[PDB]
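Just so you know, all these numbers are worked out from the coordinates, no wet-lab data involved. Cβ placement follows ideal geometry from the backbone for every residue including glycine, while neighbour counts extend to all protein chains displayed.
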Amino acid sequence: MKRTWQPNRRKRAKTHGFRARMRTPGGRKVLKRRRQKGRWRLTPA
Amino acid sequence: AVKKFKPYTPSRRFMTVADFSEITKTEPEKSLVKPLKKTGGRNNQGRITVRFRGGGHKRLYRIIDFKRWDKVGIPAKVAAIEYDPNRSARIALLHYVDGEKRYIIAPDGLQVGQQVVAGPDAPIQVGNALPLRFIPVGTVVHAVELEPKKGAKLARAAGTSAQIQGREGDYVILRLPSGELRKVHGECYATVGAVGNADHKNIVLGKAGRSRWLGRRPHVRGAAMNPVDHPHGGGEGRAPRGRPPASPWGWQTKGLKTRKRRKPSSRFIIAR
RNA sequence: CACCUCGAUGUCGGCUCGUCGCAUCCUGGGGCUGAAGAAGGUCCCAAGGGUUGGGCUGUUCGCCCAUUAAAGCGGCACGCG
RNA sequence: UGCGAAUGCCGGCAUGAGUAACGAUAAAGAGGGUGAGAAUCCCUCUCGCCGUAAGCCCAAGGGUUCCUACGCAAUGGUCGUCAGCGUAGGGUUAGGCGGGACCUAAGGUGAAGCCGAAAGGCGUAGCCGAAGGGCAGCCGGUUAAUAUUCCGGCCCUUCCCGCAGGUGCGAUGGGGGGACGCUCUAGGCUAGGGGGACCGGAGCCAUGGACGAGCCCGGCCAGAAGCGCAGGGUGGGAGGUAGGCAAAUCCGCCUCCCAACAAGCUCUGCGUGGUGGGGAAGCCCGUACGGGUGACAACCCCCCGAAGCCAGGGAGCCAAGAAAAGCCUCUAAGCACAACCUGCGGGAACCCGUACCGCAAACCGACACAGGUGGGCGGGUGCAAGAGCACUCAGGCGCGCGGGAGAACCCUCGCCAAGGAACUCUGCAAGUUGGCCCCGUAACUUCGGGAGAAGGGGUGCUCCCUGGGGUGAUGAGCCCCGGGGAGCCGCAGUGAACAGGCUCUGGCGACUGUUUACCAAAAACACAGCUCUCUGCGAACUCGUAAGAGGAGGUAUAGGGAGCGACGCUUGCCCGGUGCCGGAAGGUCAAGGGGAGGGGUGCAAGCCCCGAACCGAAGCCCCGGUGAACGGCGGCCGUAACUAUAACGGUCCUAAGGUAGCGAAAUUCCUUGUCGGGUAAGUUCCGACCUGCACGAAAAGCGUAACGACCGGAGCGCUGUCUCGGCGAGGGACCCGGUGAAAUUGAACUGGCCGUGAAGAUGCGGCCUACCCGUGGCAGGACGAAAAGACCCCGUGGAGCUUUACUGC
RNA sequence: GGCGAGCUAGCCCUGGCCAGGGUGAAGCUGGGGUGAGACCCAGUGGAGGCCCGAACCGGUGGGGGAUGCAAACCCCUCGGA
RNA sequence: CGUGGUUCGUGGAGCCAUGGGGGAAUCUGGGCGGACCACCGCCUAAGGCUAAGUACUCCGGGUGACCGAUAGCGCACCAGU
RNA sequence: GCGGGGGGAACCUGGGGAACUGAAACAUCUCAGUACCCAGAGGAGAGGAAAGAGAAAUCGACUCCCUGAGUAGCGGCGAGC
RNA sequence: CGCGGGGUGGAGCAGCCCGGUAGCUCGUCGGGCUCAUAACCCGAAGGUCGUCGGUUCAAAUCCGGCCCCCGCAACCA
RNA sequence: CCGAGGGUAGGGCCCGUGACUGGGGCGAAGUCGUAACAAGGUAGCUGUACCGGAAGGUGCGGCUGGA
RNA sequence: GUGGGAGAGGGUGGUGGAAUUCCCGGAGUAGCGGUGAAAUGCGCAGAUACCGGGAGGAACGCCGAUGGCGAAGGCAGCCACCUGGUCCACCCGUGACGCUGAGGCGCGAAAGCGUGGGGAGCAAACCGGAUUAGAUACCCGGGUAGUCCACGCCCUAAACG
Ligand SMILES: [Mg+2]
Ligand SMILES: [Mg+2]
Ligand SMILES: [Mg+2]
Ligand SMILES: [Mg+2]
Ligand SMILES: [Mg+2]
Ligand SMILES: [Mg+2]
Ligand SMILES: [Mg+2]
Ligand SMILES: [Mg+2]
Ligand SMILES: [Mg+2]
Ligand SMILES: [Mg+2]
Ligand SMILES: [Mg+2]
Ligand SMILES: [Mg+2]
Ligand SMILES: [Mg+2]
Ligand SMILES: [Mg+2]
Ligand SMILES: [Mg+2]
Ligand SMILES: [Mg+2]
Ligand SMILES: [Mg+2]
Ligand SMILES: [Mg+2]
Ligand SMILES: [Mg+2]
Ligand SMILES: [Mg+2]
Ligand SMILES: [Mg+2]
Ligand SMILES: [Mg+2]
Ligand SMILES: [Mg+2]
Ligand SMILES: [Mg+2]
Ligand SMILES: [Mg+2]
Ligand SMILES: [Mg+2]
Ligand SMILES: [Mg+2]
Ligand SMILES: [Mg+2]
Ligand SMILES: [Mg+2]
Ligand SMILES: [Mg+2]
Ligand SMILES: [Mg+2]
Ligand SMILES: [Mg+2]
Ligand SMILES: [Mg+2]
Ligand SMILES: [Mg+2]
Ligand SMILES: [Mg+2]
Ligand SMILES: [Mg+2]
Ligand SMILES: [Mg+2]
Ligand SMILES: [Mg+2]
Ligand SMILES: [Mg+2]
Ligand SMILES: [Mg+2]
Ligand SMILES: [Mg+2]
Ligand SMILES: [Mg+2]
Ligand SMILES: [Mg+2]
Ligand SMILES: [Mg+2]
Ligand SMILES: [Mg+2]
Ligand SMILES: [Mg+2]
Ligand SMILES: [Mg+2]
Ligand SMILES: [Mg+2]
Ligand SMILES: [Mg+2]
Ligand SMILES: [Mg+2]
Ligand SMILES: [Mg+2]
Ligand SMILES: [Mg+2]
Ligand SMILES: [Mg+2]
Ligand SMILES: [Mg+2]
Ligand SMILES: [Mg+2]
Ligand SMILES: [Mg+2]
Ligand SMILES: [Mg+2]
Ligand SMILES: [Mg+2]
Ligand SMILES: [Mg+2]
Ligand SMILES: [Mg+2]
Ligand SMILES: [Mg+2]
Ligand SMILES: [Mg+2]
Ligand SMILES: [Mg+2]
Ligand SMILES: [Mg+2]
Ligand SMILES: [Mg+2]
Ligand SMILES: [Mg+2]
Ligand SMILES: [Mg+2]
Ligand SMILES: [Mg+2]
Ligand SMILES: [Mg+2]
Ligand SMILES: [Mg+2]
Ligand SMILES: [Mg+2]
Ligand SMILES: [Mg+2]
Ligand SMILES: [Mg+2]
Ligand SMILES: [Mg+2]
Ligand SMILES: [Mg+2]
Ligand SMILES: [Mg+2]
Ligand SMILES: [Mg+2]
Ligand SMILES: [Mg+2]
Ligand SMILES: [Mg+2]
Ligand SMILES: [Mg+2]
Ligand SMILES: [Mg+2]
Ligand SMILES: [Mg+2]
Ligand SMILES: [Mg+2]
Ligand SMILES: [Mg+2]
Ligand SMILES: [Mg+2]
Ligand SMILES: [Mg+2]
Ligand SMILES: [Mg+2]
Ligand SMILES: [Mg+2]
Ligand SMILES: [Mg+2]
Ligand SMILES: [Mg+2]
Ligand SMILES: [Mg+2]
Ligand SMILES: [Mg+2]
Ligand SMILES: [Mg+2]
Ligand SMILES: [Mg+2]
Ligand SMILES: [Mg+2]
Ligand SMILES: [Mg+2]
Ligand SMILES: [Mg+2]
Ligand SMILES: [Mg+2]
Ligand SMILES: [Mg+2]
Ligand SMILES: [Mg+2]
Ligand SMILES: [Mg+2]
Ligand SMILES: [Mg+2]
Ligand SMILES: [Mg+2]
Ligand SMILES: [Mg+2]
Ligand SMILES: [Mg+2]
Ligand SMILES: [Mg+2]
Ligand SMILES: [Mg+2]
Ligand SMILES: [Mg+2]
Ligand SMILES: [Mg+2]
Ligand SMILES: [Mg+2]
Ligand SMILES: [Mg+2]
Ligand SMILES: [Mg+2]
Ligand SMILES: [Mg+2]
Ligand SMILES: [Mg+2]
Ligand SMILES: [Mg+2]
Ligand SMILES: [Mg+2]
Ligand SMILES: [Mg+2]
Ligand SMILES: [Mg+2]
Ligand SMILES: [Mg+2]
Ligand SMILES: [Mg+2]
Ligand SMILES: [Mg+2]
Ligand SMILES: [Mg+2]
Ligand SMILES: [Mg+2]
Ligand SMILES: [Mg+2]
Ligand SMILES: [Mg+2]
Ligand SMILES: [Mg+2]
Ligand SMILES: [Mg+2]
Ligand SMILES: [Mg+2]
Ligand SMILES: [Mg+2]
Ligand SMILES: [Mg+2]
Ligand SMILES: [Mg+2]
Ligand SMILES: [Mg+2]
Ligand SMILES: [Mg+2]
Ligand SMILES: [Mg+2]
Ligand SMILES: [Mg+2]
Ligand SMILES: [Mg+2]
Ligand SMILES: [Mg+2]
Ligand SMILES: [Mg+2]
Ligand SMILES: [Mg+2]
Ligand SMILES: [Mg+2]
Ligand SMILES: [Mg+2]
Ligand SMILES: [Mg+2]
Ligand SMILES: [Mg+2]
Ligand SMILES: [Mg+2]
Ligand SMILES: [Mg+2]
Ligand SMILES: [Mg+2]
Ligand SMILES: [Mg+2]
Ligand SMILES: [Mg+2]
Ligand SMILES: [Mg+2]
Ligand SMILES: [Mg+2]
Ligand SMILES: [Mg+2]
Ligand SMILES: [Mg+2]
Ligand SMILES: [Mg+2]
Ligand SMILES: [Mg+2]
Ligand SMILES: [Mg+2]
Ligand SMILES: [Mg+2]
Ligand SMILES: [Mg+2]
Ligand SMILES: [Mg+2]
Ligand SMILES: [Mg+2]
Ligand SMILES: [Mg+2]
Ligand SMILES: [Mg+2]
Ligand SMILES: [Mg+2]
Ligand SMILES: [Mg+2]
Ligand SMILES: [Mg+2]
Ligand SMILES: [Mg+2]
């Protein structure tokens with residue numbers, strides 16, 4: 001029955017995408033955090 | 001006016017439809033049409049600021065002429081009387097001798113083929129816009145400006161009108177459709193006649209869905225909520241108000257006068 | 001009353017399945033009778049077996065219909081999820 | 001720094017146990033092949049399942065899963081020689097398909113501008129943004145694997161340049177157009193389908209008959225111009241002109257003059273068209289798959305016929321139905337040795353996608369998960385129709401454990417003597433009914449309904465006669481709708497499959513609708529409709545610190561808040577309290593104003609500090625209004641010429657003392673009230689009475705046709721619900737082979753009784769009973785498991801909610 | 001202080017979908033009627049939060065499932081269409 | 001007047017700062033020594049800059065009555081995987 | 001023409017700024033100008049050359065350590081600071 | 001049982017707080033007016049304060065018990 | 001074939017009876033009031049409408065069968 | 001037919017003055033109102049009486065009558081438009097074309113009803129003050145439907161001469 005995850009590639013880059021993150025000060029700190037931790041991926045692929 | 005229906009369904013027994021025999025325009029509208037951004041009652045934050053709106057037919061906005069003082073002296077033939085979805089009233093199409101077209105909100109009695117004109121000139125006749133100062137005391141009028149040059153504001157709803165009761169200095173006294181008595185400036189335009197399509201107020205919506213066509217979504221009683229939601233929310237069965245009757249935001253809704261006290265406009269008001 | 005159980009002993013009634021007690025409803029045996037007979041009354045012995053089908057109510061119970069030898073009363077975590 | 005406990009933490013390994021289970025009951029059998037090994041891989045045959053799909057095509061999403069070679073550790077619920085698995089190699093070809101060097105939508109973003117402590121919010125134009133608009137490719141062949149992409153044939157588009165001819169050319173500016181709903185729908189086509197005695201074709205005559213006007217198979221596809229047929233769009237000329245934010249010769253508007261029509265002009269569909277291409281059954285060939293032949297294949301008539309096309313078609317209706325570019329026209333600066341237009345010719349034509357899965361073993365669901373997933377195609381026969389049901393085509397599948405046995409018991413299913421609701425909270429469940437045609441059809445009603453009311457009859461096949469349509473010649477054929485007559489067979493003719501049981505009578509809700517995703521679908525919410533109230537427009541109101549925005553590009557016939565909730569008849573009295581409304585007076589009142597009068601200090605001038613009267617808002621007080629505002633709407637005692645009762649009276653209280661209607665009720669405690677009805681019997685139900693614990697008029701009163709998967713009561717019909725069970729089917733359970741979990745678990749060498757014990761003992765006492773160990777079974781006990789009781793209390797634990805609790809904002 | 005409306009709720013923009021039957025509103029036409037009308041009767045017409053019912057959307061009752069095929073499923077039945 | 005800073009929570013409440021109102025002077029001017037007045041002192045506001053002594057540890061080095069693969073960093077191993 | 005923009009472990013200044021908690025309840029008070037968010041700076045940052053201190057005719061910028069001192073005070077004169 | 005209010009001439013009510021002399025309306029009785037009754041007018045009588053104790057000088061009054069009465073309560077279970 | 005009738009289902013009319021309920025007629029001396037007849041002590045009546053223990057009262061209009 | 005009359009006869013649209021009420025302005029003070037007599041009510045928050053302005057609805061004084069018109073119900077300021085009946089004179093035309101009238105159809109005071117509107121004065125119901133034994137009445141103060149208009153119903157009457 002209809003579950004929670006319904007992938008669509010546009011939505012994803014539109015939402016967790018790199019340019020998305022950089023617009024909001026909130027999101028820039030996500031990048032700042034993810035970088036500082038050494039995340040191999042700052043952002044979903 | 002007022003089409004009725006044999007009860008071949010429930011709600012067809014009570015439904016009542018407007019009379020369109022005044023209308024000459026069939027469907028189409030003159031491309032003085034422009035598109036309407038439907039709000040859903042939502043403001044520029046995505047936030048509902050007016051409840052229970054949305055749904056309902058797509059509509060094209062017919063742009064309509066609420067200043068008649070551009071075309072001063074230039075007359076016009078009344079070309080068509082048309083249906084406008086954005087208002088209770090009907091619009092009349094005007095072909096100016098200028099070659100220009102405008103929509104006027106259509107007065108009661110105004111015929112297709114009449115000549116109309118607007119200005120300090122002009123007969124006192126149905127359709128004719130004049131400064132208020134030149135309209136003879138007692139004539140009933142619609143589409144009035146409140147301040148000069150700012151556009152018609154008062155008596156635009158189907159069937160409404162206003163009456164000129166008197167002059168005092170640069171102002172005249174009008175009786176508004178509310179029955180309030182107001183000084184308006186003499187310089188303000190007005191256009192003689194009542195608005196008409198006055199049978200409008202007797203339409204019987206008749207079924208739920210017909211409210212849904214006009215973009216009115218179901219309206220829910222505070223009485224039917226819980227207290228998180230509304231001052232009436234709560235308490236076992238039914239239950240009375242338990243307090244002086246309130247809005248959802250908690251102010252009192254029987255009698256509490258809400259007009260701001262110190263409004264400058266108060267110097268120019270006299271009534272209910 | 002507050003003693004085991006609140007780091008859980010599922011609670012009425014029904015149904016199914018019973019088993020026990022006897023202060024015995026019936027059947028068997030008795031004494032007394034204000035026991036003519038038949039039919040009762042009361043009390044004693046007796047737990048082997050039996051102890052109906054419906055209407056009403058969630059009901060237990062009760063009331064009622066129609067029968068019956070009789071339409072027993074209790075206990076078993078108000079027996080038994 | 002020493003562990004045995006913390007439902008401790010991490011790991012390991014046990015128990016349960018060779019137990020449950022191995023994931024849809026569509027289903028399998030055999031022969032051959034391969035290999036170390038075969039139920040499970042390959043190939044043949046036979047059998048079964050899907051077929052508005054379980055077949056095919058597209059979009060998401062996935063991302064090599066694709067094709068092939070070698071391979072079986074693991075993954076695969078068994079096996080595996082196979083694979084969606086390991087290794088390796090190969091494989092996706094575009095000016096026309098999709099997207100981008102085009103447009104705009106919501107929204108986003110944003111030169112200007114506005115706001116905000118910072119971060120940042122907003123915002124005109126512009127810009128971004130498509131499954132909308134615009135735009136040029138069709139048929140066939142080819143690969144192991146791609147093809148509108150390669151190839152073959154036939155067509156087309158835009159840029160660049162040149163030639164020729166035309167013309168005031170020229171735009172991001174002006175104008176036209178693009179450009180629009182819902183329902184119904186005409187004519188003509190097309191896709192698609194059926195039939196053919198006609199045309200083409202390998203073969204076939206079995207088992208009793210048939211060499212036949214037999215059986216079987218096939219009878220098309222694409223195509224520029226031109227041409228036909230059907231449709232779409234559209235007036236032509238002049239004069240005036242002040243409007244379309246400059247200017248226009250354009251468009252608009254007034255006048256005149258011809259057309260009224262597709263006549264013309266133009267555009268599209270379809271047909272035909274030079275050419276090109278396909279082309280069955282069957283037999284043969286070794287593939288895992290295809291290839292040869294059939295073949296010089298035929299290539300044609302009739303009929304059905306779209307929801308598709310012609311398309312901006314038509315009609316009706318109200319709820320009144322995007323935008324911008326492409327496109328055409330008009331002019332502007334400008335340039336008019338430019339430029340643009342038309343034709344022809346040569347050249348130029350970029351980026352990304354393209355494998356494969358795609359109702360699923362490749363997507364979302366930890367799984368090769370019985371769930372979920374948008375668009376298109378979806379054949380034939382029959383049944384009234386159909387995308388329904390059954391069976392079938394093409395195509396695809398038998399669901400990745402099997403073999404046996406034939407217990408209990410479970411599930412899904414079939415039948416049943418007599419009875420027929422006696423079952424039970426309740427006919428729950430299951431039966432009955434069931435499609436179409438005809439007869440027929442009540443109370444009541446808002447006149448529509450109620451209605452499929454109810455209850456009935458028909459229903460197949462054969463021959464005969466005969467009516468109307470469609471297409472065709474008015475004709476035959478083909479197709480559609482029938483009408484009458486005589487017969488035939490069976491238990492039965494909607495012969496299988498899909499396919500209402502019905503009636504009476506209450507409650508609640510008018511109605512269709514909505515809801516607690518995952519225990520409530522309802523009497524709850526909503527609803528049209530009624531009332532009150534607010535709001536004069538920079539409206540009230542809401543969101544935001546603000547700017548801004550919604551309201552609304554609306555204007556009192558409008559907008560907001562509130563209650564009530566179709567409709568009918570109605571909706572009484574109380575304004576003392578609270579709320580709101582009104583009230584220029586008076587009372588009280590903050591800061592401030594005002595300073596009588598006092599004080600500190602200094603030699604003083606002075607500096608400094610208190611400070612009464614008085615003048616001072618809103619608010620409250622006070623006066624009054626207000627009931628579809630919050631709300632409220634009596635008590636005791638007497639009294640009629642039998643009795644009872646009390647129309648009547650007395651008296652106390654109140655702001656006023658409950659009107660109509662209704663009433664043991666979704667409300668009545670006593671209560672199974674009393675009486676009546678229905679029953680053999682009725683705590684329910686219907687009717688009535690009134691002693692209403694504790695009904696009562698917009699938290700509406702009392703009714704109401706129709707409606708309801710609501711809740712009550714009764715009858716008929718019919719039943720395995722029951723008396724009361726029986727038999728049968730299949731899937732499990734049992735047995736054998738394969739693979740093989742789980743909660744739980746102080747350790748166990750773990751009996752009954754009567755006692756005892758922290759009061760319910762396998763474990764203590766006394767007696768009794770009892771050889772060791774299993775398997776299928778039942779659930780009485782281990783105060784069985786699960787979940788650190790959800791109830792209850794306790795904690796100066798928490799949190800949601802309220803208000804005339806406190807304190808703030 | 002951030003992350004979430006790829007689930008779910010509402011709205012906005014833009015597309016798509018709803019086999020097949022049934023009932024027969026207004027209107028129109030004709031006829032009757034009248035002084036003229038209202039009206040009546042036919043035929044036509046094709047309305048509706050109209051009827052039956054697939055797709056689609058649901059989730060009524062019962063059964064099964066309950067270490068499930070499934071952390072909401074399957075069968076029968078049923079509502080809207 | 002309203003507030004903040006200080007040990008100072010309105011207190012006898014000054015000092016430093018400043019949102020609001022009124023609003024000066026230039027040495028004989030002004031601020032301060034804890035309400036205010038006198039006296040006696042201290043200091044010169046409404047412009048700006050200024051090493052060092054100080055904080056820290058991504059980084060390199062040296063040491064340890066620091067750990068020794070359940071420890072020590074989450075990571076001794078291709079781990080922010 | 002020159003510059004700015006962004007990053008940096010912690011450390012620094014500035015703009016803003018909590019609650020649990022403590023008070024064995026709780027409002028002032030505490031936690032705390034902490035956490036945190038924002039701007040900015042640098043290898044440090046801040047501060048700095050008296051309109052100071054504050055009782056001595058005293059001392060002389062600023063920062064940092066020790067001490068003064070849990071003193072003076074502050075305080076529902078409570079907790080505590 | 002629980003809690004609050006009560007009990008006073010024939011009726012219905014004050015008085016009880018706050019000790020000392022029981023009031024009001026109606027009713028009853030005697031008279032008047034009327035032909036008569038009712039209305040009306042002038043006079044009058046009538047209660048030991050539910051009951052039993054106690055307190056005080058003095059108790060309807062303040063306290064206790066018992067007795068009837070009205071109201072509220074009886075929840076989680 | 002038709003057919004007496006029997007059956008099954010649904011209508012219509014009539015009669016009888018029914019808890020209860022509506023009024024009505026009647027009945028030597030009940031209770032409450034006094035509406036009408038004499039300006040009947042508010043002229044009367046009247047259609048209607050609201051109200052009220054009851055007669056009735058009141059509104060609007062009408063009549064004289066009143067002044 | 002022709003020519004002439006009188007008329008509150010009907011429908012529609014306009015229009016005038018008096019008065020009542022409310023509001024605004026003025027002046028002005030201690031009561032006004034009301035009755036059998038009062039009381040409620042109103043009034044020093046400035047009432048009543050007086051004047052000026054304004055708003056709004058209803059009804060039309062004198063003329064007016066013992067009058068006129070209409071089938072009846074009914075019809076009354078003035079103006080215009082449309083329109084019914086009626087009578088007189090002339091003696092012109094048709095040639096009995098007549099009467100009445102069950103059914104039908106239409107009209108039909110007031111009150112009442114529906115949907116809108118309008119609402120000054122009046123006033124069922126209702127409240128209050130007096131009266132009374134009571135007073136759900138009579139008198140007084142308030143007062144909502146209604147009275148008014150449009151459309152559509154109801155169809156009654158001491159609709160009587
Ligand atoms: Mg997940
Ligand atoms: Mg996408
Ligand atoms: Mg999306
Ligand atoms: Mg990397
Ligand atoms: Mg936003
Ligand atoms: Mg819609
Ligand atoms: Mg509502
Ligand atoms: Mg609720
Ligand atoms: Mg919320
Ligand atoms: Mg609230
Ligand atoms: Mg409430
Ligand atoms: Mg509840
Ligand atoms: Mg309640
Ligand atoms: Mg409630
Ligand atoms: Mg108002
Ligand atoms: Mg205990
Ligand atoms: Mg317990
Ligand atoms: Mg347990
Ligand atoms: Mg015995
Ligand atoms: Mg005997
Ligand atoms: Mg026995
Ligand atoms: Mg029962
Ligand atoms: Mg009982
Ligand atoms: Mg017990
Ligand atoms: Mg028990
Ligand atoms: Mg159970
Ligand atoms: Mg084991
Ligand atoms: Mg076992
Ligand atoms: Mg087993
Ligand atoms: Mg098994
Ligand atoms: Mg399987
Ligand atoms: Mg299986
Ligand atoms: Mg098929
Ligand atoms: Mg993809
Ligand atoms: Mg995957
Ligand atoms: Mg791979
Ligand atoms: Mg493969
Ligand atoms: Mg393997
Ligand atoms: Mg395996
Ligand atoms: Mg592979
Ligand atoms: Mg190409
Ligand atoms: Mg763009
Ligand atoms: Mg923005
Ligand atoms: Mg696009
Ligand atoms: Mg497109
Ligand atoms: Mg293209
Ligand atoms: Mg191809
Ligand atoms: Mg030129
Ligand atoms: Mg074809
Ligand atoms: Mg043969
Ligand atoms: Mg054929
Ligand atoms: Mg071939
Ligand atoms: Mg069209
Ligand atoms: Mg553009
Ligand atoms: Mg491809
Ligand atoms: Mg699909
Ligand atoms: Mg697959
Ligand atoms: Mg599988
Ligand atoms: Mg699946
Ligand atoms: Mg999967
Ligand atoms: Mg779905
Ligand atoms: Mg689907
Ligand atoms: Mg069929
Ligand atoms: Mg099917
Ligand atoms: Mg049977
Ligand atoms: Mg039977
Ligand atoms: Mg059933
Ligand atoms: Mg009936
Ligand atoms: Mg039938
Ligand atoms: Mg046959
Ligand atoms: Mg023909
Ligand atoms: Mg069937
Ligand atoms: Mg059916
Ligand atoms: Mg009931
Ligand atoms: Mg309902
Ligand atoms: Mg109702
Ligand atoms: Mg329905
Ligand atoms: Mg919803
Ligand atoms: Mg609900
Ligand atoms: Mg639910
Ligand atoms: Mg829930
Ligand atoms: Mg439902
Ligand atoms: Mg449910
Ligand atoms: Mg209503
Ligand atoms: Mg605000
Ligand atoms: Mg705005
Ligand atoms: Mg707007
Ligand atoms: Mg309601
Ligand atoms: Mg009321
Ligand atoms: Mg009353
Ligand atoms: Mg009140
Ligand atoms: Mg009051
Ligand atoms: Mg009040
Ligand atoms: Mg004052
Ligand atoms: Mg002062
Ligand atoms: Mg004041
Ligand atoms: Mg008052
Ligand atoms: Mg009551
Ligand atoms: Mg009762
Ligand atoms: Mg009863
Ligand atoms: Mg009750
Ligand atoms: Mg009862
Ligand atoms: Mg009974
Ligand atoms: Mg009853
Ligand atoms: Mg109410
Ligand atoms: Mg009712
Ligand atoms: Mg329902
Ligand atoms: Mg429904
Ligand atoms: Mg059975
Ligand atoms: Mg079997
Ligand atoms: Mg024991
Ligand atoms: Mg032992
Ligand atoms: Mg021992
Ligand atoms: Mg057991
Ligand atoms: Mg516990
Ligand atoms: Mg607490
Ligand atoms: Mg969404
Ligand atoms: Mg479809
Ligand atoms: Mg239809
Ligand atoms: Mg429907
Ligand atoms: Mg249906
Ligand atoms: Mg279900
Ligand atoms: Mg303090
Ligand atoms: Mg000082
Ligand atoms: Mg200073
Ligand atoms: Mg100093
Ligand atoms: Mg100093
Ligand atoms: Mg200086
Ligand atoms: Mg520095
Ligand atoms: Mg280091
Ligand atoms: Mg290790
Ligand atoms: Mg480690
Ligand atoms: Mg080791
Ligand atoms: Mg680790
Ligand atoms: Mg800071
Ligand atoms: Mg705190
Ligand atoms: Mg604390
Ligand atoms: Mg504490
Ligand atoms: Mg606490
Ligand atoms: Mg602090
Ligand atoms: Mg820097
Ligand atoms: Mg430095
Ligand atoms: Mg500095
Ligand atoms: Mg501190
Ligand atoms: Mg007397
Ligand atoms: Mg004494
Ligand atoms: Mg409770
Ligand atoms: Mg016969
Ligand atoms: Mg017969
Ligand atoms: Mg009288
Ligand atoms: Mg009298
Ligand atoms: Mg009298
Ligand atoms: Mg009288
Ligand atoms: Mg009455
Ligand atoms: Mg009265
Ligand atoms: Mg009369
Ligand atoms: Mg006249
Ligand atoms: Mg003659
Ligand atoms: Mg009438
Ligand atoms: Mg009338
Ligand atoms: Mg009025
Ligand atoms: Mg009175
Ligand atoms: Mg009185
Ligand atoms: Mg009056
Ligand atoms: Mg009559």
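Some values worked out for this structure:
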item	result
Magnitude of the charge dipole, the stretch B:1-107, Cβ model with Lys/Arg +1 and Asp/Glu -1, debye to 20	700
Principal axes of the stretch B:98-232: Cα extent on each, largest first, Å	61, 37, 25
Cα-based shape type of the stretch B:1-132, given that a ≥ b ≥ c are square roots of the gyration tensor eigenvalues and the cut on a/c is 1.5	oblate
Where labels lie 7 Å past Cα in the beta-carbon direction, separation of A:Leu42 and A:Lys14 in nm	2.3
Inter-part distance where the stretch B:1-24 and the stretch B:232-248 are each reduced to a Cα centre, Å	38
Chain lengthening between B:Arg259 and B:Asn43 when straightened (0.36 nm per residue, less Cα-Cα)	75.4 nm
Given B:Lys77/B:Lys149; A:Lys2/A:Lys29; B:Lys77/B:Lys201; B:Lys25/B:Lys71; B:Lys34/B:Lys71, the pairs whose alpha carbons are separated by over 26 Å	A:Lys2/A:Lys29; B:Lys77/B:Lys201
Net length gained if the chain between B:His95 and B:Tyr61 were fully extended (0.36 nm per residue, minus Cα distance)	10.3 nm
Between the stretch B:107-155 and the stretch B:35-93, the Cα center-to-center distance that results, in Å	20
Trypsin sites (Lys or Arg not before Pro), loop per DSSP, at most 14 other Cβ atoms within 10 Å - longest free stretch of chain A	A:4-38
Extension gain from B:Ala208 to B:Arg12, taking 0.36 nm per residue of separation minus the Cα-Cα distance	69.4 nm
Expected 222 nm ellipticity per residue - DSSP helices of 4 or more, -39500 (n - 2.57), all of chain B, to 500	-500 deg cm²/dmol
Of the chymotrypsin sites (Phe, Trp or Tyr not before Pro) in the stretch B:195-272, those whose Cβ has at most 15 other Cβ within 10 Å and which sit in DSSP loop	B:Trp249, B:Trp251
Orientation-averaged projected area, Cα convex hull of chain B (nm²)	18.7
The protein assembly as shown: C-alpha pair distances exceeding 29 Å, %	59
Hull-based mean projected area of chain A, where the convex hull spans the alpha carbons, in square nanometres	3.9
Cα-Cα over 19 Å, subset of B:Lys150/B:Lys183; B:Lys4/B:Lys207; B:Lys101/B:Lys153	B:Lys101/B:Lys153
Candidates per chymotrypsin sites (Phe, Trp or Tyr not before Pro) in chain A, loop by DSSP, up to 15 other Cβ within 10 Å	A:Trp5, A:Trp40
Nitroxide proxy distance, nm - points 7 Å out along Cα→Cβ at B:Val112 and A:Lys2	4.8
Separation between Cα centres of the stretch B:201-220 and the stretch A:11-26, rounded to whole Å	42
